[PDB]
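Structure first, commentary second.
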Amino acid sequence: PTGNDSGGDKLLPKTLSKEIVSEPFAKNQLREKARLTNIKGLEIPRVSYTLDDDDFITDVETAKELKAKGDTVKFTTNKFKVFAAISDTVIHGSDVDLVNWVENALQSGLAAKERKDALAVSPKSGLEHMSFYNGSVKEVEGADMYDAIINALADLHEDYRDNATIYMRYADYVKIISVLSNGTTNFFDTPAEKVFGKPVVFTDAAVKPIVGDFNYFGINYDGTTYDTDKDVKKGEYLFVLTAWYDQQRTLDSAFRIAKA
Amino acid sequence: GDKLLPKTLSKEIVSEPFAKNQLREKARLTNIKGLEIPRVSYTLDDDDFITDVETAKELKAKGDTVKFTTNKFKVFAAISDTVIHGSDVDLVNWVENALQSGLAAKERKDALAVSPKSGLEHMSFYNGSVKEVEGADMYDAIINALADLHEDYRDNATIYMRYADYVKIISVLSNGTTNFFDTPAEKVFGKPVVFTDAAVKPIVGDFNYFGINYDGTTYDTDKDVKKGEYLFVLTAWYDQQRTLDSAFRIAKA
Amino acid sequence: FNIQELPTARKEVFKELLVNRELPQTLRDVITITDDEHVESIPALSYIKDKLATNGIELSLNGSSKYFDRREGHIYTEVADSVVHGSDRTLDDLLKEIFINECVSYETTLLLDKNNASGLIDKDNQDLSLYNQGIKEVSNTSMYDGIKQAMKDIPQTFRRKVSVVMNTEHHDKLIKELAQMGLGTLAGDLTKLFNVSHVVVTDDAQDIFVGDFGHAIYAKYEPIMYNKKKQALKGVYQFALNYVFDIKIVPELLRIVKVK
């Protein structure tokens, strides 16, 4: 007997990887529309332009927040840490997870950190100003979800309306169809752009449908540092990363809530 | 004459695959020998969290490593002798079809099984480790599970169920109307659907974690003189397992 | 690919092997056989039926779709030990002693046995019993007088070629019935007593047959494969042959006899 060499590998399928790979474990839906930046210190003005003398008074809101906040907007560093842990046996069983499993892991950790803070029902202290549900947004009231979303569009200023975008959970988009069942017709096949009249994105964390011009919302990552170390006694490698970011709303009056 | 005979004639035989396993579409698939992987990849970023859940108990119960354990099986071809010599069939590809189809539905058998048949216990989703959640209707039961699934696993969820169960729920969502006759199954649950008959009861989960390993194979030939047959056997070893039990839940009436 | 065809130059060894007349007591002495692949139907059928049609008789299609069908035949043996195979000559003559005996015996069971369309003979090989074929009977008390009546209802065209089959239990009889009526010296020379050719006697046959077996019981054999294998636990080999055969009947030329 020479060995366990055989011709079965041809019979074996062709999809076999020969090394490990996987998907993004988590993602942040908000990165589609929001801005994204890498600048060290970032400062922008809040109000883009003002027209000539014949301007009807600027909406009462913008008078208030602009007066209180000031003309500029501060992007202020805030820390966090992402971890990764690989036991020692896993290293010494001929597999290559050093290269891909960690990048798949750490990059996902950045995304879940964002979406957790923005859509936080009850944010942690020191990071209240980031969330959209911390407060300081007006909750309109529709009889149902369909009425609340359309009324919320009716509330905010028209410039923001023209560029507005809706985020919501998909299950709520089913319930509005059941009332718009209308017997014969079925809007399961229809897209969602054409019901409300504007783009839509689906996300499971977003409780109360939020809406506004996501031009204004923005994020910035200033710096990072990547490290590794062995806990000798417990026999586990580690791969850690850190960074500082912040995300703020250029103008709170834009983004509004829908509620039953 | 032989021209007046049609000329689409083939001279050779082929066939489509006899059976295949649907879980290969979404599951992981490997070749590694003595494979190991971690259970959880990114641990929690911040000091304070509420995400502690029965998943934590699961990881406490069993090590952070993942052990793939060899398990034996075997497949047979069982052609006869007259077929070889009494004609020039040239079926050499045909047997190749049966073999790699053989190993396939072996997975479909044990991974979806009511009786786990000791030694094959830890691989069937109906073993009992997974949870069970209930709803009034099959449609309600499937969505009720999705409420359970943690945010990590909900976002890349996937459903498996038998096609006949999709047909009964759409009828009651309808009212004796043939207006649903083209609705893709994704649109009504909000996630990808896949169909196979063997799944009695629905399942739902992420399926980045359900992983497969084929470690080695061996192929050889012989004759059975008494019956004339050639056998053309194939034997190999494989393991499958769920990385965590909070990933894959069950619906029910 | 691995399989190798049996060399054609080795095949004709087995063609003359399957068909052989050397043995004493078989219907193979009288019936027609061949080994030609091309022939598809009884070759002489046309010259027969018109000559029968000269008489009031003509054929009923007792065999459906005259074109042959391929029925299977199988052999199996186990040599005692390699010591037999260590030598050469005694081996080679041993095999031919077996096959001829087995092949010849097997067709003989299908035709004459009282198994009568059931039981030991496979249901696949279940029509071909002559009792099951539909021949008309002749009867008489005296067996000597009995078969004169049956040789003579034959068409006189083919009466010249006829042959009788008989059991030894019947053979002991008539020489007794003769002695009482005389012609003892004539007895022991059956061919003279009844003008016939090729009188036959065996023991497997149960009842007396008459008819031109030269034209009625055409058959053909064709080999396929000869296999060989070692078996290491025991000292034995596993030799075997499997072939294809088929056969036909024309019952009008035949007549059975049944004495009381």
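Chain labels run A, B, ... following the order of the structure tokens; each chain numbers its residues from 1, and ligands are numbered from 1 in the order shown.
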Checklist line | Expected answer as number ranges by chain: alpha helix (DSSP H) residues in segment 29-195 of chain C | finding: C: 45-54, 82-86, 89-112, 143-152, 168-181, 190-193
Next item on the list: Please identify every residue of chain B that has at least one atom no more than 7 Å from any atom of chain A, counting only C-alpha atoms, and report them as a ChimeraX atom specification.
Entry: /B:29-32,34-38,41-43,45-46,96,100,152,183,187-188,190,208,217-219
Item checked: Exercise: segment 128-135 of chain B partners within 7 Å, only C-alpha atoms, chain neighbours under 6 positions left out, as a count of residues only -> 10
Next item on the list: Name the residues in contact with residue 231 of chain B at a cut-off of 7 Å, using only C-alpha atoms, excluding same-chain residues fewer than 6 positions from it; report them as a PyMOL selection string.
Entry: chain B and resi 76-79+221-223
Next item on the list: Just the residues within 10 Å of residue 40 of chain C, please, counting only C-alpha atoms, with nothing from its chain fewer than 5 positions along; format it as an NGL selection string.
Entry: :C and (66-69 or 220)
Next item on the list: Pull out every residue of chain B that has at least one atom within 8 Å of chain C, counting only C-alpha atoms, and report them as a ChimeraX atom specification.
Entry: /B:82,85-86,225-226
Notebook entry, point to check: Which value, in Å to one decimal, gives the distance between atom CA of residue 171 of chain C and atom CA of residue 141 of chain C?
Noted result: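 Result for atom CA of residue 171 of chain C versus atom CA of residue 141 of chain C: 15.7 Å, one decimal.
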Notebook entry, point to check: Neighbours of residue 211 of chain C within 7 Å (only C-alpha atoms; same-chain residues fewer than 5 positions away dropped), as a ChimeraX atom specification?
Noted result: /C:162-164,253-255
Limited to N, CA, C and O atoms, could you put the picked residues into a file as a compact mmCIF listing (two decimals), in the first residue's frame?
# COMPACT_ATOMS: atom_id res chain seq x y z
N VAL C 162 -37.75 -38.36 -40.08
CA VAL C 162 -38.47 -38.39 -38.82
C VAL C 162 -37.65 -39.21 -37.84
O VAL C 162 -36.87 -40.07 -38.22
N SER C 163 -37.84 -38.92 -36.55
CA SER C 163 -37.05 -39.53 -35.50
C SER C 163 -37.88 -39.59 -34.24
O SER C 163 -38.57 -38.62 -33.90
N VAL C 164 -37.79 -40.71 -33.54
CA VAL C 164 -38.59 -40.99 -32.36
C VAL C 164 -37.70 -40.89 -31.13
O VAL C 164 -36.52 -41.26 -31.17
N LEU C 253 -45.33 -30.35 -37.23
CA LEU C 253 -44.56 -31.51 -37.66
C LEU C 253 -44.38 -32.54 -36.56
O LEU C 253 -44.02 -33.68 -36.86
N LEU C 254 -44.62 -32.16 -35.31
CA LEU C 254 -44.41 -33.05 -34.18
C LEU C 254 -45.72 -33.67 -33.74
O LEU C 254 -46.80 -33.11 -33.95
N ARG C 255 -45.62 -34.84 -33.12
CA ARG C 255 -46.76 -35.49 -32.51
C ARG C 255 -46.28 -36.22 -31.27
O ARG C 255 -45.28 -36.94 -31.31
Notebook entry, point to check: Out of segment 58-141 of chain A, which residues get strand (DSSP E) from DSSP, as JSON, numbers by chain?
Noted result: {"A": [72, 73, 74, 78, 79, 80, 81, 82, 85, 86, 87]}
I want to know what sits within 12 Å of residue 64 of chain C, based on only C-alpha atoms, with residues of the same chain fewer than 5 positions away left out; could you give that as a PDB file with N, CA, C and O atoms, in the first residue's frame?
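This went into selection19.pdb:
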ATOM      1  N   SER C  41     -34.198 -15.481 -38.310  1.00  0.00           N
ATOM      2  CA  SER C  41     -35.439 -16.254 -38.266  1.00  0.00           C
ATOM      3  C   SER C  41     -35.155 -17.622 -38.817  1.00  0.00           C
ATOM      4  O   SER C  41     -34.099 -17.823 -39.405  1.00  0.00           O
ATOM      5  N   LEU C  59     -49.831 -23.397 -41.241  1.00  0.00           N
ATOM      6  CA  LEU C  59     -49.299 -23.013 -39.944  1.00  0.00           C
ATOM      7  C   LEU C  59     -50.244 -22.091 -39.194  1.00  0.00           C
ATOM      8  O   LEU C  59     -50.834 -21.172 -39.767  1.00  0.00           O
ATOM      9  N   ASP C  69     -35.517 -13.526 -30.020  1.00  0.00           N
ATOM     10  CA  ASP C  69     -35.296 -12.687 -28.858  1.00  0.00           C
ATOM     11  C   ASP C  69     -34.111 -13.243 -28.088  1.00  0.00           C
ATOM     12  O   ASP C  69     -33.784 -14.424 -28.207  1.00  0.00           O
ATOM     13  N   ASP C 127     -42.316 -20.599 -21.358  1.00  0.00           N
ATOM     14  CA  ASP C 127     -43.161 -20.965 -22.482  1.00  0.00           C
ATOM     15  C   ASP C 127     -42.666 -22.225 -23.173  1.00  0.00           C
ATOM     16  O   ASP C 127     -43.475 -23.034 -23.640  1.00  0.00           O
ATOM     17  N   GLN C 133     -46.574 -26.194 -25.454  1.00  0.00           N
ATOM     18  CA  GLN C 133     -46.549 -25.620 -26.790  1.00  0.00           C
ATOM     19  C   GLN C 133     -47.822 -25.891 -27.580  1.00  0.00           C
ATOM     20  O   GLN C 133     -48.154 -25.109 -28.476  1.00  0.00           O
ATOM     21  N   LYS C 248     -36.763 -22.151 -31.099  1.00  0.00           N
ATOM     22  CA  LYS C 248     -38.075 -22.073 -31.721  1.00  0.00           C
ATOM     23  C   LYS C 248     -38.622 -23.472 -31.938  1.00  0.00           C
ATOM     24  O   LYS C 248     -37.890 -24.460 -31.902  1.00  0.00           O
ATOM     25  N   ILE C 249     -39.934 -23.535 -32.162  1.00  0.00           N
ATOM     26  CA  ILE C 249     -40.645 -24.791 -32.370  1.00  0.00           C
ATOM     27  C   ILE C 249     -41.629 -24.612 -33.517  1.00  0.00           C
ATOM     28  O   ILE C 249     -42.159 -23.522 -33.747  1.00  0.00           O
ATOM     29  N   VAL C 250     -41.863 -25.703 -34.241  1.00  0.00           N
ATOM     30  CA  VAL C 250     -42.924 -25.814 -35.234  1.00  0.00           C
ATOM     31  C   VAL C 250     -43.754 -27.040 -34.871  1.00  0.00           C
ATOM     32  O   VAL C 250     -43.474 -28.137 -35.371  1.00  0.00           O
TER      33      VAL C 250
END
Check: Which distance in Å separates atom CA of residue 52 of chain B and atom CA of residue 120 of chain A, to one decimal?
Finding: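 Answer for the atom CA of residue 52 of chain B to atom CA of residue 120 of chain A separation: 17.0 Å.
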